[PDB]
Amino acid sequence: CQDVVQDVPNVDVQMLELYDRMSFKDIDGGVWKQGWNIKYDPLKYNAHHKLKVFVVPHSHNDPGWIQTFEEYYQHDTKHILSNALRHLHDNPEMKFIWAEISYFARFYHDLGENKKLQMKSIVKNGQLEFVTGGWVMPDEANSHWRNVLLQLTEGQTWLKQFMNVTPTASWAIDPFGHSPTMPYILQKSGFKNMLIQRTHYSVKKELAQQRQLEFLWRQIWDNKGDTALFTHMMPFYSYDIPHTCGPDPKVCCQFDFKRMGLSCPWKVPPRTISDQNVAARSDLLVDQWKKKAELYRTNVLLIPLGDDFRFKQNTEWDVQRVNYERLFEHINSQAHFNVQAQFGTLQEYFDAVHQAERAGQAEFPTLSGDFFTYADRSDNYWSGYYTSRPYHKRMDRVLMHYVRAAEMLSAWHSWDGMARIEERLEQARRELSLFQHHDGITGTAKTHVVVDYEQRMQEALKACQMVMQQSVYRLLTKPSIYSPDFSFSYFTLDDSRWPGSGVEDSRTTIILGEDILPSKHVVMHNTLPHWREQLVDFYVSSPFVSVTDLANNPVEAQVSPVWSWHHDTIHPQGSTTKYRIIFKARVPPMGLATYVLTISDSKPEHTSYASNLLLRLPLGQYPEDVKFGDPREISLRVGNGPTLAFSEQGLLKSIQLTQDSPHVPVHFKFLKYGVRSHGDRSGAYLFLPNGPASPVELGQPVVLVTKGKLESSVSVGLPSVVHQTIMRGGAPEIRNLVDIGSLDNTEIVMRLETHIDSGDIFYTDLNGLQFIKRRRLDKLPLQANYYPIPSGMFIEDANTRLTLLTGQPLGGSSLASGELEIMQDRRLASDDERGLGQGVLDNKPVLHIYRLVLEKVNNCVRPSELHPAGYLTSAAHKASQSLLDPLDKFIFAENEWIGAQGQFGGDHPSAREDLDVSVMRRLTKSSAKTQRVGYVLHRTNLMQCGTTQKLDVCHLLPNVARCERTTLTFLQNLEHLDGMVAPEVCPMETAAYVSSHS
Ligand SMILES: [Zn+2]
């Protein structure tokens with residue numbers, strides 16, 4: 001294994017380093033507004049050194065944006081794919097690339113066998129080429145790497161199954177900035193090349209000037225270069241035809257033949273190509289191509305030809321094909337051009353580029369880093385969509401976990417097709433895959449489309465719950481008794497965090513009575529491959545409840561009241577009819593644990609009761625009366641864990657890690673950003689703040705303090721936010737119920753203030769996979785120092801680190817030494833002129849979840865001050881795991897459960913803490929005679945600060961007949977393991993394995 005901590009990779013372009021030494025001047029470059037007047041030596045070209053031009057037709061299809069998936073399918077996409085099948089069949093020389101397999105599967109399954117075979121013929125002979133072959137073209141900022149791999153797998157599994165093709169070239173023309181997570185996953189999924197477009201105009205100029213627009217993109221920690229993937233960055237402002245022929249859009253627009261009810265903004269229309277004008281038209285176009293070609297190191301030129309939902313009308317196919325063919329015929333026949341031009345595919349471009357490389361014609365630079373935050377012009381930084389529609393951003397992480405749990409729980413067995421496990425899991429995977437779209441999770445779609453995504457994800461959650469509860473009943477019911485009704489609800493799921501009782505009062509109360517129903521079985525699932533102890537809670541009808549395991553061993557518990565917050569002043573009310581029972585569940589690796597909740601007369605031996613302090617109320621049978629008092633400071637400690645001090649407004653002010661350590665200042669504060677009155681308006685995409693954020697007036701808010709042996713919390717009702725700090729004996733958990741209400745042109749930010757001597761350095765993660773060093777640049781505007789916070793952010797000095805872990809992707813920064821900040825929600829009256837044609841006025845209450853880890857790092861082995869990566873501690877990693885993959889809770893639905901067992905997976909290996917089974921998925925239905933199960937293993941890298949059994953997934957299921965290391969999609973064998981043991985994986989590596997069973 002490589003050391004990813006001590007050694008810094010040597011790369012030609014390191015983006016943090018490049019950023020430091022770039023000026024980012026927005027100079028008028030001429031016809032190429034953000035570049036320069038490109039010049040080439042015409043004697044560069046001759047009969048032995050021709051320019052080879054591939055013109056690659058394409059159609060950018062959004063699976064939701066202005067219209068829903070189905071609306072676009074019926075209005076646009078089904079016509080584009082009908083016409084592609086017809087025109088390509090009829091015209092053997094015509095080419096077309098297709099990215100979105102969600103639309104292609106929708107279309108293909110509706111074809112007659114004749115058309116299906118015709119479709120197969122144009123794929124087989126390379127006329128229609130799939131690029132990436134993901135379900136969608138995903139967002140790269142907010143997306144979790146697990147969901148990027150899921151949507152890739154869903155698209156490529158469809159292509160392999162129905163078209164017997166696996167793309168090895170990626171096409172990502174529209175995501176709003178680019179992540180090195182994409183090459184990481186692509187290169188471990190068999191890919192050889194990828195293409196990107198939306199990178200900062202100053203980065204385009206800078207790389208273009210050095211012909212570094214093609215590069216071997218490696219991971220920021222990769223010393224060896226084994227992660228390297230060949231990347232083509234397109235050089236200009238758009239993927240549209242005016243911005244793809246060459247540097248001058250006024251010329252390129254004349255070669256978009258559909259613009260004869262569309263026109264050219266530069267007011268020179270395209271002209272039909274004739275024998276009268278082909279010599280002149282060809283001279284104009286080839287001059288553009290030769291300028292584009294000066295930006296690249298080979299004599300092979302990519303000329304994309306398309307735009308949004310193009311190639312819809314058969315006459316657009318005619319007018320583009322016939323005019324380009326007249327140009328190609330003229331140019332190829334005229335030796336003075338020294339060009340060979342033709343319709344081509346993306347793979348054809350890359351193949352030719354690598355042929356040129358192998359022949360010594362070019363050697364390509366190496367690059368590490370990311371391409372956030374994107375600006376398409378001036379100060380228009382796209383950091384807005386890191387936060388837009390945060391409700392659905394949170395929903396993404398919930399559904400991610402439920403799909404993982406449902407696939408893992410159901411994987412243990414083969415299921416009868418009558419159970420419809422495969423149908424439910426396929427629905428769940430596709431709704432979540434669809435939401436990865438760059439107008440889904442981004443929050444950049446119209447309100448009615450956001451509603452479609454929400455309803456799709458809600459059906460997906462329901463599908464996962466049905467699979468999970470059937471699976472748990474099977475895993476924990478004696479095989480001699482197990483006799484399932486596949487339509488029956490054996491368990492209901494209990495989720496304290498989604499949507500959140502403050503968002504929807506939906507959690508079921510377990511109603512117990514010595515009369516009516518004395519006891520209830522509950523079951524916890526642990527998707528992680530190690531023993532886990534976590535506090536769990538349930539709603540109960542009485543406070544006099546005792547916890548046992550199934551062996552009747554008592555379990556210490558705490559009962560708290562059920563609190564909710566109300567307006568008219570924001571104040572808490574307490575239930576008289578339901579209570580929280582809280583206890584520590586101990587659950588095996590990838591396993592289940594059964595407990596029993598039992599009512600009594602009065603206070604049981606092993607259940608404690610929390611005190612309640614209301615600073616500024618009956619609780620039925622709750623045996624401790626609520627104490628009252630004036631606003632004042634408070635200090636709480638749970639177990640041996642940290643001591644937290646709170647202001648008289650119920651906001652953290654300091655953390656003491658240990659009894660004999662200092663009171664470290666850590667202040668939470670809420671602030672607000674506004675919208676510019678004059679010039680560019682913030683919208684779904686753009687963050688254009690009218691200066692630094694302003695404190696929110698908190699007034700005299702009501703602070704609720706609940707104190708118990710197992711769990712304590714401070715809650716305050718602030719304007720727009722019910723803020724809560726929960727303590728369970730480690731890093732505290734922060735919950736914000738965010739209701740931005742009617743606060744038009746407002747962004748609400750949560751800031752932490754410390755004396756940590758961070759300076760201009762902070763760390764943010766990419767797709768929950770890796771932490772990247774950021775440097776705050778005063779030469780860039782505020783919105784440019786905003787980065788994606790998909791799962792966490794941290795600041796540190798020589799001695800101290802503060803890490804904030806998130807349960808949802810949000811936008812954030814460190815805008816000053818010792819600060820972190822993270823946006824909670826945004827309400828924007830104005831459109832930001834990127835085509836959505838509305839503001840963001842559909843806000844709804846969302847419960848945001850966080851863990852806050854203050855740590856001493858002076859005895860941690862940290863990377864060199866030159867390393868572009870950071871790494872979490874054990875504590876911060878486990879805290880992230882708590883948020884993303886908590887224990888699942890199941891309440892047995894019926895009065896009695898015959899055959900009930902107490903534990904599943906007691907014999908499962910407890911793997912090293914830095915190892916995860918990201919995916920466990922059964923690949924075969926019951927009717928297959930060799931059953932197959934896919935595993936994705938990810939090993940992170942944790943900082944060694946000076947403090948388990950081997951996991952072989954090949955042997956997790958019995959009767960293993962063989963085991964293959966595969967691509968992450970499971971679609972190709974990479975290494976036969978004669979041994980049928982999976983070798984363990986290196987730090988920051990991800991490997992896939994498929995086990996076969998007889
Ligand atoms: Zn798009």
# chains A, B, ... in the order shown; residues from 1 in each chain; ligands from 1
$ closest_atom_pairs --of "chain A" --to "ligand 1" --cutoff "8 Å" --atoms "only C-alpha atoms and all ligand atoms" --output "JSON lines"
{"residue": "A:60", "atom": "CA", "partner": "ligand 1", "partner_atom_place_in_ligand_line": "1 (Zn)", "distance": 6.5}
{"residue": "A:61", "atom": "CA", "partner": "ligand 1", "partner_atom_place_in_ligand_line": "1 (Zn)", "distance": 6.7}
{"residue": "A:62", "atom": "CA", "partner": "ligand 1", "partner_atom_place_in_ligand_line": "1 (Zn)", "distance": 5.0}
{"residue": "A:65", "atom": "CA", "partner": "ligand 1", "partner_atom_place_in_ligand_line": "1 (Zn)", "distance": 7.8}
{"residue": "A:137", "atom": "CA", "partner": "ligand 1", "partner_atom_place_in_ligand_line": "1 (Zn)", "distance": 7.9}
{"residue": "A:173", "atom": "CA", "partner": "ligand 1", "partner_atom_place_in_ligand_line": "1 (Zn)", "distance": 7.9}
{"residue": "A:174", "atom": "CA", "partner": "ligand 1", "partner_atom_place_in_ligand_line": "1 (Zn)", "distance": 5.0}
{"residue": "A:175", "atom": "CA", "partner": "ligand 1", "partner_atom_place_in_ligand_line": "1 (Zn)", "distance": 7.1}
{"residue": "A:308", "atom": "CA", "partner": "ligand 1", "partner_atom_place_in_ligand_line": "1 (Zn)", "distance": 7.6}
{"residue": "A:438", "atom": "CA", "partner": "ligand 1", "partner_atom_place_in_ligand_line": "1 (Zn)", "distance": 6.3}
{"residue": "A:439", "atom": "CA", "partner": "ligand 1", "partner_atom_place_in_ligand_line": "1 (Zn)", "distance": 6.9}
$ write_last_selection --atoms "N, CA, C and O atoms" --output "mmCIF file, in the first residue's frame"
data_model
loop_
_atom_site.group_PDB
_atom_site.id
_atom_site.type_symbol
_atom_site.label_atom_id
_atom_site.label_comp_id
_atom_site.auth_asym_id
_atom_site.auth_seq_id
_atom_site.Cartn_x
_atom_site.Cartn_y
_atom_site.Cartn_z
ATOM 1 N N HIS A 60 -28.188 17.133 -25.270
ATOM 2 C CA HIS A 60 -28.166 17.198 -23.794
ATOM 3 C C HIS A 60 -29.601 17.082 -23.293
ATOM 4 O O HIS A 60 -30.393 18.020 -23.521
ATOM 5 N N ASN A 61 -29.909 15.955 -22.681
ATOM 6 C CA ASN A 61 -31.252 15.627 -22.155
ATOM 7 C C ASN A 61 -31.192 15.642 -20.622
ATOM 8 O O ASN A 61 -30.508 14.772 -20.040
ATOM 9 N N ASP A 62 -31.899 16.577 -19.992
ATOM 10 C CA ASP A 62 -32.038 16.629 -18.510
ATOM 11 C C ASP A 62 -33.208 15.745 -18.060
ATOM 12 O O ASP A 62 -34.347 15.955 -18.494
ATOM 13 N N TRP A 65 -35.834 19.211 -15.088
ATOM 14 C CA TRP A 65 -35.330 20.576 -14.868
ATOM 15 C C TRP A 65 -36.536 21.519 -14.916
ATOM 16 O O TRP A 65 -37.134 21.721 -13.831
ATOM 17 N N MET A 137 -26.432 12.070 -15.726
ATOM 18 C CA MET A 137 -25.146 12.810 -15.676
ATOM 19 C C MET A 137 -25.171 13.496 -14.313
ATOM 20 O O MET A 137 -25.810 14.525 -14.162
ATOM 21 N N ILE A 173 -20.832 17.252 -19.454
ATOM 22 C CA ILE A 173 -20.787 18.590 -20.106
ATOM 23 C C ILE A 173 -21.496 19.628 -19.222
ATOM 24 O O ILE A 173 -21.189 20.798 -19.429
ATOM 25 N N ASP A 174 -22.353 19.232 -18.279
ATOM 26 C CA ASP A 174 -23.257 20.206 -17.609
ATOM 27 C C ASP A 174 -23.113 20.306 -16.084
ATOM 28 O O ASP A 174 -23.625 21.276 -15.542
ATOM 29 N N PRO A 175 -22.507 19.379 -15.299
ATOM 30 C CA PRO A 175 -22.419 19.571 -13.845
ATOM 31 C C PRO A 175 -21.673 20.867 -13.506
ATOM 32 O O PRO A 175 -20.789 21.242 -14.267
ATOM 33 N N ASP A 308 -28.999 21.540 -25.906
ATOM 34 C CA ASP A 308 -30.146 21.077 -25.097
ATOM 35 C C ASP A 308 -31.252 20.515 -26.007
ATOM 36 O O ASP A 308 -31.830 21.265 -26.831
ATOM 37 N N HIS A 438 -27.952 16.503 -12.114
ATOM 38 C CA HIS A 438 -27.415 17.866 -11.875
ATOM 39 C C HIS A 438 -28.531 18.931 -11.846
ATOM 40 O O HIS A 438 -28.146 20.083 -11.678
ATOM 41 N N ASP A 439 -29.819 18.577 -11.951
ATOM 42 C CA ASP A 439 -30.920 19.484 -11.509
ATOM 43 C C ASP A 439 -31.788 18.850 -10.409
ATOM 44 O O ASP A 439 -32.784 19.507 -10.012
#
$ residues_around --residues "residue 810 of chain A" --least-positions-apart "4" --cutoff "7 Å" --atoms "only C-alpha atoms" --output "number ranges by chain"
A: 386-387, 788-790, 822-823
$ write_last_selection --atoms "N, CA, C and O atoms" --output "PDB file, in the first residue's frame"
ATOM      1  N   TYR A 386     -25.074  24.547  -3.662  1.00  0.00           N
ATOM      2  CA  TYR A 386     -24.566  23.734  -2.534  1.00  0.00           C
ATOM      3  C   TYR A 386     -25.614  23.675  -1.426  1.00  0.00           C
ATOM      4  O   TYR A 386     -25.559  22.787  -0.559  1.00  0.00           O
ATOM      5  N   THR A 387     -26.603  24.561  -1.467  1.00  0.00           N
ATOM      6  CA  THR A 387     -27.594  24.691  -0.360  1.00  0.00           C
ATOM      7  C   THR A 387     -29.030  24.628  -0.893  1.00  0.00           C
ATOM      8  O   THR A 387     -29.886  24.160  -0.136  1.00  0.00           O
ATOM      9  N   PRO A 788     -18.597  23.120  -1.532  1.00  0.00           N
ATOM     10  CA  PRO A 788     -19.511  22.080  -1.104  1.00  0.00           C
ATOM     11  C   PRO A 788     -19.067  21.506   0.243  1.00  0.00           C
ATOM     12  O   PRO A 788     -17.880  21.293   0.446  1.00  0.00           O
ATOM     13  N   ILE A 789     -20.037  21.272   1.120  1.00  0.00           N
ATOM     14  CA  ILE A 789     -19.859  20.508   2.383  1.00  0.00           C
ATOM     15  C   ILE A 789     -20.785  19.307   2.307  1.00  0.00           C
ATOM     16  O   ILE A 789     -21.795  19.227   3.007  1.00  0.00           O
ATOM     17  N   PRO A 790     -20.471  18.330   1.427  1.00  0.00           N
ATOM     18  CA  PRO A 790     -21.305  17.150   1.307  1.00  0.00           C
ATOM     19  C   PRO A 790     -21.360  16.275   2.568  1.00  0.00           C
ATOM     20  O   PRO A 790     -22.361  15.638   2.712  1.00  0.00           O
ATOM     21  N   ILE A 822     -21.740  27.267   7.660  1.00  0.00           N
ATOM     22  CA  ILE A 822     -22.499  26.318   6.801  1.00  0.00           C
ATOM     23  C   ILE A 822     -23.911  26.876   6.640  1.00  0.00           C
ATOM     24  O   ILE A 822     -24.538  27.198   7.640  1.00  0.00           O
ATOM     25  N   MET A 823     -24.351  27.043   5.398  1.00  0.00           N
ATOM     26  CA  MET A 823     -25.680  27.613   5.092  1.00  0.00           C
ATOM     27  C   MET A 823     -26.757  26.576   5.418  1.00  0.00           C
ATOM     28  O   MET A 823     -26.526  25.361   5.161  1.00  0.00           O
TER      29      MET A 823
END
$ closest_atom_pairs --of "segment 898-948 of chain A" --to "segment 873-886 of chain A" --cutoff "8 Å" --atoms "only C-alpha atoms" --output "tab-separated table"
residue	atom	partner	partner_atom	distance
A:913	CA	A:874	CA	7.5
A:914	CA	A:874	CA	7.9
A:942	CA	A:873	CA	5.3
A:943	CA	A:873	CA	5.2
A:944	CA	A:873	CA	7.6
A:945	CA	A:873	CA	7.8
$ write_last_selection --atoms "N, CA, C and O atoms" --output "mmCIF file, in the first residue's frame"
data_model
loop_
_atom_site.group_PDB
_atom_site.id
_atom_site.type_symbol
_atom_site.label_atom_id
_atom_site.label_comp_id
_atom_site.auth_asym_id
_atom_site.auth_seq_id
_atom_site.Cartn_x
_atom_site.Cartn_y
_atom_site.Cartn_z
ATOM 1 N N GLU A 913 -11.766 -0.273 11.925
ATOM 2 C CA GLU A 913 -12.728 0.846 11.979
ATOM 3 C C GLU A 913 -12.723 1.652 10.667
ATOM 4 O O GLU A 913 -13.685 2.414 10.447
ATOM 5 N N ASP A 914 -11.663 1.526 9.867
ATOM 6 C CA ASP A 914 -11.424 2.353 8.661
ATOM 7 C C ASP A 914 -11.966 1.612 7.457
ATOM 8 O O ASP A 914 -11.952 2.227 6.380
ATOM 9 N N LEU A 942 -7.425 7.175 8.252
ATOM 10 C CA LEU A 942 -7.614 7.915 9.509
ATOM 11 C C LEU A 942 -6.244 8.342 10.020
ATOM 12 O O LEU A 942 -5.297 7.568 9.846
ATOM 13 N N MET A 943 -6.173 9.521 10.620
ATOM 14 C CA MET A 943 -4.955 10.000 11.312
ATOM 15 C C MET A 943 -4.628 9.057 12.473
ATOM 16 O O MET A 943 -5.536 8.816 13.315
ATOM 17 N N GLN A 944 -3.371 8.594 12.515
ATOM 18 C CA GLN A 944 -2.741 7.862 13.644
ATOM 19 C C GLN A 944 -2.469 8.877 14.745
ATOM 20 O O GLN A 944 -1.661 9.796 14.507
ATOM 21 N N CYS A 945 -3.135 8.733 15.887
ATOM 22 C CA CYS A 945 -2.982 9.634 17.050
ATOM 23 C C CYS A 945 -2.513 8.826 18.270
ATOM 24 O O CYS A 945 -2.424 9.440 19.334
#
$ select_by_dssp --residues "segment 317-379 of chain A" --states "alpha helix (DSSP H)" --output "mmCIF file with C-alpha atoms, in the first residue's frame"
data_model
loop_
_atom_site.group_PDB
_atom_site.id
_atom_site.type_symbol
_atom_site.label_atom_id
_atom_site.label_comp_id
_atom_site.auth_asym_id
_atom_site.auth_seq_id
_atom_site.Cartn_x
_atom_site.Cartn_y
_atom_site.Cartn_z
ATOM 1 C CA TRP A 317 -31.036 15.765 -38.563
ATOM 2 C CA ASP A 318 -31.212 16.514 -42.360
ATOM 3 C CA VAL A 319 -30.023 20.171 -42.168
ATOM 4 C CA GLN A 320 -27.105 19.393 -39.734
ATOM 5 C CA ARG A 321 -25.978 16.158 -41.577
ATOM 6 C CA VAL A 322 -26.251 17.438 -45.214
ATOM 7 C CA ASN A 323 -24.562 20.871 -44.632
ATOM 8 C CA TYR A 324 -21.711 19.231 -42.604
ATOM 9 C CA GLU A 325 -21.314 16.538 -45.320
ATOM 10 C CA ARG A 326 -20.936 19.266 -48.047
ATOM 11 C CA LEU A 327 -18.264 20.927 -45.839
ATOM 12 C CA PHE A 328 -16.456 17.598 -45.188
ATOM 13 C CA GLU A 329 -16.548 16.646 -48.925
ATOM 14 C CA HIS A 330 -15.068 20.055 -49.929
ATOM 15 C CA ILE A 331 -12.443 20.221 -47.100
ATOM 16 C CA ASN A 332 -11.223 16.581 -47.500
ATOM 17 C CA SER A 333 -10.925 16.991 -51.361
ATOM 18 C CA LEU A 346 -16.181 10.362 -28.304
ATOM 19 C CA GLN A 347 -14.364 6.993 -28.071
ATOM 20 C CA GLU A 348 -13.090 7.562 -31.675
ATOM 21 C CA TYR A 349 -11.628 10.955 -30.559
ATOM 22 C CA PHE A 350 -9.827 9.459 -27.500
ATOM 23 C CA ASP A 351 -8.566 6.385 -29.507
ATOM 24 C CA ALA A 352 -6.965 8.746 -32.098
ATOM 25 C CA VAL A 353 -5.486 10.961 -29.284
ATOM 26 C CA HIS A 354 -3.864 7.862 -27.630
ATOM 27 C CA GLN A 355 -2.597 6.635 -31.110
ATOM 28 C CA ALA A 356 -0.887 10.107 -31.435
ATOM 29 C CA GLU A 357 0.561 9.768 -27.830
ATOM 30 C CA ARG A 358 1.983 6.192 -28.392
#
$ select_by_dssp --residues "segment 735-912 of chain A" --states "strand (DSSP E)" --output "JSON, numbers by chain"
{"A": [735, 736, 737, 738, 746, 747, 748, 749, 750, 751, 752, 753, 761, 762, 763, 764, 765, 766, 770, 771, 772, 773, 774, 775, 787, 788, 789, 792, 793, 794, 795, 796, 800, 801, 802, 803, 804, 805, 806, 810, 811, 812, 813, 819, 820, 821, 822, 823, 824, 825, 826, 827, 846, 847, 848, 849, 850, 851, 852, 853, 854, 855, 856, 869, 870, 888, 889, 890, 891, 892, 903, 904]}
$ residues_around --residues "segment 214-223 of chain A" --least-positions-apart "4" --cutoff "8 Å" --atoms "only C-alpha atoms" --output "PyMOL selection string"
chain A and resi 2+4-5+7-10+180+183-184+227-233+296+364-369+772+867-869
